[PDB]
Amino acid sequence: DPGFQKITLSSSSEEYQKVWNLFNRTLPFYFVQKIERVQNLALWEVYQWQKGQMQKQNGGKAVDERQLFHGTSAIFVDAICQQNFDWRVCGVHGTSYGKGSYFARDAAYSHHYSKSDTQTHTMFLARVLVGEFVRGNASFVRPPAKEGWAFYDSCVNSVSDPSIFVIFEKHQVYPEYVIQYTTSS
């Protein structure tokens, strides 16, 4: 009906533990209170179609695909689950690696973007087709051309050790899990 569901997971399920393990990797002192699997077939189908397209233009390489974090306010959760992340809601300004949506390797970095008035913070785990990346820059509205030739698929803070990714194309992201956690108890 709304085109999506959010399915609360059991903490005894291995699916839960996989998500929790990744969060806990860098926020081990916080307390996960719920994890919901985002179920949106249309966003999944388009993402899988994009991955397929990237595989065809890749020169036989695997498409670089990562589970990355995105901190947001609870107010945006259902919007993201239905329409995907959209960087133009509030816009981008300040320290840019480009005008696109941002994702972090470490949960710990996304904490700062999980605004709350309350003790309960909310963060997404997303499936991101990062592909081939180059360092970002504030003026970028797309990834730049590769040298010669073709374009990069994403931008990062560091080619040698990337921890922040910017995506300019929503078909390269699938919102996977909503993680609710507390900093207290």
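We number the residues from 1 along the sequence you see.
- The entry models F29 and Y30 with no unmodelled deposited residue separating them.
- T182: CA B factor lies in the middle third for its chain, per the PDB record.
- Ranked against the other modelled residues of its chain, the C-alpha B-factor of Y109 as given in the entry falls in the lowest third.
- Sort the modelled residues of the chain by CA B factor and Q82 lands in the middle third.
- Among all modelled residues in its chain, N24 ranks in the middle third by Cα B-factor.
- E65: CA B factor lies in the lowest third for its chain, per the PDB record.
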